[PDB]
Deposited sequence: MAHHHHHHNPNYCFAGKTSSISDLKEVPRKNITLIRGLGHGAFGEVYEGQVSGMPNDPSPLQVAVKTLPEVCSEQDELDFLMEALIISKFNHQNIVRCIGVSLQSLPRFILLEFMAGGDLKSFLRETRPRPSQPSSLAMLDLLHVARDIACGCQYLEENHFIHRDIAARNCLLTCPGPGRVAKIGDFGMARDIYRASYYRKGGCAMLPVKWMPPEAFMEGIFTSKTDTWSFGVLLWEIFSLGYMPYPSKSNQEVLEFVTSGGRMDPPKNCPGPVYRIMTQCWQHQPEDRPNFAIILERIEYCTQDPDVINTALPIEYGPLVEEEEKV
């Protein structure tokens, strides 16, 4: 059985909190991802249940185990908690903190201000989401963990409404690399040295965070509109960068462009990103900027 090391500690399958299967009830499907389903469940403690298909390979089993180990070892408010696992019954379960707001990409697209919902979201709401995820990324950075796939689709919200907290929720790329296909690489979130040399550092996540920022302030658009993966690879390698999202304040766009510096040594670490986001939240001209109404 595989081991996992995070910070200054090694953990094993035996360290996962096994929840008796009898104590777990499935309530509803949540839109089941790639390999395996996700359910809202109860243990009463409300959870999201990630399932492993009973029809899977040996490597699928180990991948599922590793994902459980990875998430169970984090301790930060902006990373989704693992309640426990049910690995001794089939299908195997990982039990996560239930984030009623769903994933960030879907939330942004569904919560875009509209003539019907005129003030569904404001600039400060967006800055608070960015700050939350940046605080999660800083925790990973200071613990030497490279996420490799920072993107809106991999972030979750505790709730739809005003008190929402954003958290990093998926660690599948990090799990794969820990031990594939070109077409499955998130190239639109990757810096030049990552997709060219396969070099990953904390500054990898900085670049990806810049792309997340664009997703957030565009309110859920796909990065590099109209461009394919190869077109983006060539665009970005040649120095090309995205334009500001519609109505994006200059101070916010400036953070994106600093995250997208060609040389990793020229990009900010997450402490600096957090400082700059906090300064944007203080600037009335930023937070008084109206978001576009679809």
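Visitor: Deposited sequence versus model: which ranges have no CA atoms?
Guide: Missing C-alpha atoms (numbering from 1) occur across the ranges 1-8, 52-59, 196-201, 317-327.
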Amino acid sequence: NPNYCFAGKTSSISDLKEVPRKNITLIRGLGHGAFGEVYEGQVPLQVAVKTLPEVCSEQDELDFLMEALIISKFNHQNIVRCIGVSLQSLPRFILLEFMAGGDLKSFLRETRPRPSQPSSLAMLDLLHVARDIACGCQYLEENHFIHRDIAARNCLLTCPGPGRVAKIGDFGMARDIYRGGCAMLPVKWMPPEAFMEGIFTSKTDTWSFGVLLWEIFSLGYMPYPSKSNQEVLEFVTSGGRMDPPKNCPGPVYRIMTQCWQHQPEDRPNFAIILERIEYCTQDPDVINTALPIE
From here on, numbers count along this sequence of modelled residues.
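Visitor: Between 204-212 and 165-173, point out the one with the higher average CA B-factor as the PDB entry records it.
Guide: Mean C-alpha B-factor is greater for 165-173.
Visitor: Can you tell me which stretch has the higher mean Cα B-factor, 214-222 or 116-124?
Guide: In the deposited entry, the stretch with the higher C-alpha B-factor mean is 116-124.
Visitor: If you compare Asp243, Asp266, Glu58, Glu234, which has the highest Cα B-factor in the entry?
Guide: Answer for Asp243, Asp266, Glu58, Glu234: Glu58, with the highest C-alpha B-factor.
Visitor: Of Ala183, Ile133, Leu157, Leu95, which one's C-alpha B factor is largest in the deposited record?
Guide: The record points to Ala183.
Visitor: Name the third of the chain's ranked CA B-factors that contains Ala48, choosing lowest, middle or highest.
Guide: Lowest third.
Visitor: Select lowest, middle or highest to describe the third in which the CA B-factor of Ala290 falls within its chain in this entry.
Guide: Ranked within chain, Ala290 CA B lands in the middle tercile.
Visitor: Grab the CA temperature factor for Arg179 from the record and place it in the lowest, middle or highest third of its chain.
Guide: CA B-factor rank for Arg179: highest third.
Visitor: Is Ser228 in the lowest, middle or highest third of its chain when residues are ranked by C-alpha B-factor?
Guide: Middle third.
Visitor: Looking at the C-alpha B-factor of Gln42, is it in the lowest, middle or highest third of its chain?
Guide: Ranked within chain, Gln42 CA B lands in the highest tercile.
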